[PDB]
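Taking it in order: structure first as structure tokens, then the write-up.
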Amino acid sequence: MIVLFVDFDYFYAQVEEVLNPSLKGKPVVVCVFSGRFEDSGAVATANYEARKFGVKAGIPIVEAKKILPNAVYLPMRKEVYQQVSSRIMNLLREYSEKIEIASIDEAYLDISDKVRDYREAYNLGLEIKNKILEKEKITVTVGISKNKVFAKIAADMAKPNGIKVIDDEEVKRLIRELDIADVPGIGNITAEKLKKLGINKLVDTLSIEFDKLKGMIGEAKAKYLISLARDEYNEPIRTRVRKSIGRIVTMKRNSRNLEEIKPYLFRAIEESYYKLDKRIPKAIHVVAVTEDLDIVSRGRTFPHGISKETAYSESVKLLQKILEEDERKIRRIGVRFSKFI
DNA sequence: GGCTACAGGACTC
DNA sequence: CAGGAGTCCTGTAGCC
Ligand SMILES: Nc1ccn([C@H]2C[C@H](O)[C@@H](COP(=O)(O)OP(=O)(O)OP(=O)(O)O)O2)c(=O)n1
Ligand SMILES: [Ca+2]
Ligand SMILES: [Ca+2]
Ligand SMILES: [Ca+2]
């Protein structure tokens with residue numbers, strides 16, 4: 001199998017750049033304002049010009065400002081990047097019917113019957129890069145290898161505006177030299193558990209006893225890391241179908257008062273139904289982020305679809321359940337719909 | 001034993 | 001100082 005992975009560079013920021021070329025060359029930070037106080041919120045992303053100084057996704061907006069006081073700060077316009085992302089995806093489909101759209105800016109394509117070997121794949125990747133450049137003026141990084149995982153790993157080795165190929169020989173090398181934390185699916189909680197049993201490399205997952213690995217990180221992640229180590233990982237490029245749609249909002253002040261929370265919960269439901277488009281969910285969950293940023297949720301499935309009225313009524317109950325089974329104050333409240341008809 | 005719901009957890013965008 | 005969003009997995013309890 002020959003997988004070709006596409007990942008758009010500095011996406012939200014680059015898009016803002018395309019729409020306002022004047023932003024070219026300056027540090028740009030795309031922000032998500034929570035409305036709690038001037039500047040409350042987090043960074044969604046920023047361009048390289050702002051990332052070389054430490055301003056990266058996930059940090060507090062106020063933190064970004066002390067580092068880059070004259071940087072350009074823009075409010076995230078999700079619908080614009082989504083619309084842009086679609087056009088590029090509809091463009092990637094011309095290169096293969098076997099395509100998995102993994103996120104707002106990533107796509108996997110199976111080009112097993114479009115190229116003979118890697119030299120041809122490489123060329124098809126250069127062609128894809130240019131087509132996107134011309135048609136949307138967005139740069140992208142292309143990763144190419146024998147499976148989704150190594151194709152992704154390839155892309156972020158060649159980020160940004162790059163293209164890299166990890167041949168079958170490179171794969172065996174990576175299995176021995178690549179730090180296992182750099183493997184998709186391994187975050188610091190898991191990395192810490194791995195770099196605690198001298199597992200710092202994929203290869204040394206084969207010498208560790210199976211149940212020792214399982215009991216630590218779980219059966220799924222263990223079989224996953226082992227299949228990669230043996231160079232047997234073969235997940236197919238599947239068409240993705242949205243499984244859940246939701247909305248969550250930050251409240252002006254923390255609270256445990258139902259009537260003070262209700263307005264925010266109801267707005268989340270209204271906006272959720274709008275996004276639901278014409279999908280009919282059979283399950284609903286009320287999700288709350290607490291005082292200490294922990295996440296709590298309670299949900300329910302119905303033998304039939306949930307109407308907006310049933311959503312309103314059920315959401316209060318679920319929220320009441322959260323309030324009596326947990327003593328912490330709420331900071332963000334929202335809903336999530338799933339199990340679509 | 002193992003499958004289903006449900007709630008916590010981890011990861012990534 | 002901590003946004004908004006979505007997917008997959010696990011331990012538990014109920015059940016056949
Ligand atoms: N914490 C995050 C992570 C991701 N995203 C978004 C906006 C990013 O532009 C888009 C792509 O995420 P990446 O992790 O790929 O970051 P960038 O594409 O912005 O930078 P890079 O060149 O490293 O791919 O996803 C976000 O809003 N908040
Ligand atoms: Ca990515
Ligand atoms: Ca990207
Ligand atoms: Ca990592």
Side-chain angles (χ1 to χ4, degrees), chain A residues 7-13 29-45 55-67 75-79 81-82 85 100-107 148-149 152 155-156 181-194 214-224 235 238 240-251 254 264 268 271-272 275 282-303 318 321-322 325-326 331-340:
Chain A
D7 184 347
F8 311 167
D9 305 316
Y10 310 114
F11 195 48
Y12 288 9
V29 179
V30 173
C31 309
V32 185
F33 297 95
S34 55
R36 274 214 163 184
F37 63 77
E38 72 156 43
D39 294 326
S40 70
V43 178
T45 191
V55 173
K56 61 181 172 184
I59 81 173
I61 289 170
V62 167
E63 289 304 85
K65 294 196 164 180
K66 23 230 293 186
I67 301 169
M76 177 185 60
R77 293 188 294 167
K78 192 70 161 297
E79 290 171 13
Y81 324 135
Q82 177 57 253
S85 174
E100 166 172 337
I101 295 188
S103 68
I104 195 180
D105 77 340
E106 299 174 303
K148 319 238 283 291
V149 176
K152 187 170 201 195
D156 51 43
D182 289 348
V183 165
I186 311 298
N188 14 66
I189 288 172
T190 304
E192 268 317 88
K193 299 181 186 165
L194 294 186
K214 175 183 166 172
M216 188 73 124
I217 66 177
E219 182 178 309
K221 182 94 61 180
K223 294 183 173 182
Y224 170 66
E235 296 315 318
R238 51 170 295 214
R240 295 285 276 289
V241 178
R242 194 132 44 175
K243 295 193 176 197
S244 66
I245 292 171
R247 186 77 175 73
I248 175 164
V249 302
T250 284
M251 301 184 298
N254 292 345
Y264 292 107
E271 309 207 344
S272 290
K275 293 156 71 160
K282 299 196 303 175
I284 175 182
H285 280 71
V286 164
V287 183
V289 177
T290 63
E291 281 171 305
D292 46 37
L293 302 168
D294 191 48
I295 298 164
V296 185
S297 71
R298 290 295 180 293
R300 174 188 172 170
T301 301
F302 289 77
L318 294 171
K321 181 142 66 172
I322 291 178
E325 291 178 37
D326 191 306
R331 176 192 181 89
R332 295 162 53 193
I333 189 66
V335 288
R336 178 158 291 290
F337 296 101
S338 55
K339 303 183 179 184
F340 303 124

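Chain letters run A, B, ... following the sequence lines, proteins first, then strands; residues in each count from 1. Only this structure's heavy atoms are used, side chains among them; waters, hydrogens and symmetry mates stay out.
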Would one find a side-chain N or O of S244(A) under 4.0 angstrom from OP1 or OP2 of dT7(C)? yes
Name the nucleic acid region contacted by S40(A), choosing base, sugar-phosphate or nothing; use a 4.0 angstrom heavy-atom cut-off, strictly under. sugar-phosphate
Using a heavy-atom cut-off of 4.0 Å across all strands, would you classify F337(A) as base, sugar-phosphate, or nothing? nothing
Quick check against the 3.5 Å criterion: does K214(A) have a side-chain atom that pairs as donor or acceptor with the backbone of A222(A)? no
When every non-hydrogen atom of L318(A) is compared with those of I284(A), the smallest separation belongs to CD1-O, 3.8 Å
So, is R336(A) near the phosphate of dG6(C), with a side-chain N or O under 4.0 Å from OP1 or OP2? yes
Base, sugar-phosphate alone, or nothing: which one does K193(A) contact when heavy atoms must sit under 4.0 Å apart? nothing
Determine yes or no for a side-chain-to-main-chain donor-acceptor pair under 3.5 angstrom, with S244(A) supplying the side chain and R336(A) the backbone. no
What does the list of N/O pairs under 3.5 Å between the protein and nucleotides 11-16 of chain C look like, with a distance for each?
none

Is it true that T301(A) and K339(A) share a donor-acceptor pair across their side chains at a distance under 3.5 Å? yes
For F33(A), which residues count as a ring pair (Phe, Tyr, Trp, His ring centres under 6.0 Å) partner, sequence neighbours excluded? none
Is the distance from OP1 or OP2 of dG4(C) to the nearest side-chain N or O of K78(A) less than 4.0 Å? no
On DNA chain B, which is the earliest and which the latest nucleotide, 5' to 3', with an atom closer than 4.0 Å to a heavy atom of chain A? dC6(B) to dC13(B)
Of all heavy-atom pairs linking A13(A) and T45(A), the shortest is N-CG2, 3.9 Å
Over all strands shown, is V296(A) touching base, sugar-phosphate only, or nothing at heavy-atom distances under 4.0 angstrom? sugar-phosphate
Heavy-atom nearest nucleotide on DNA chain C for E63(A) versus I248(A): which residue maps closer to 5'? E63(A)
Taking only the side-chain nitrogens and oxygens of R331(A), find out if one of them lies under 4.0 Å from OP1 or OP2 of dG3(C). yes
Proximity to the side chain of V32(A) - top-ranked nucleotide from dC9(C), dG3(C), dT7(C): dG3(C)
So, for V30(A) and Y81(A), which heavy atoms are closest and what is the spacing to 0.1 Å? CG1-OH, 4.0 Å
Looking at every non-hydrogen atom in both residues, tell me the closest pair between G334(A) and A268(A) and how far apart they are. CA-CB, 3.9 Å
Applying side chain to side chain donor-acceptor pair (under 3.5 Å) to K275(A) and not counting sequence neighbours gives none
Considering every strand and a 4.0 Å limit on heavy-atom distances, what is the contact class for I61(A): base, sugar-phosphate, or nothing? nothing
With respect to the phosphate group of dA5(C), does any side-chain polar atom (N or O) of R247(A) fall under 4.0 Å of OP1 or OP2? yes
Of the listed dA5(C), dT7(C), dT10(C), the closest approach to the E219(A) side chain comes from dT10(C)
With Watson-Crick and G-U wobble geometry limited to distances under 3.5 Å, how should the secondary structure of DNA chain C be encoded in dot-bracket form, using | for bases paired to another strand and [ ] for crossing pairs? ...|||||||||||||
Would you name the heavy atoms of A288(A) and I333(A) that are closest together and state the gap between them? CB-CD1, 3.8 Å
The side chain to side chain contact (heavy atoms under 4.5 Å, CB included) partners of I189(A) (sequence neighbours excluded) come to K193(A)
Answer with base, sugar-phosphate or nothing: what part of the nucleic acid does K66(A) contact at a heavy-atom distance below 4.0 Å? nothing
So, for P184(A) and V149(A), which heavy atoms are closest and what is the spacing to 0.1 Å? CD-CG1, 4.1 Å
Using a 4.0 Å heavy-atom cut-off across all strands, classify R77(A) as base, sugar-phosphate, or nothing. nothing
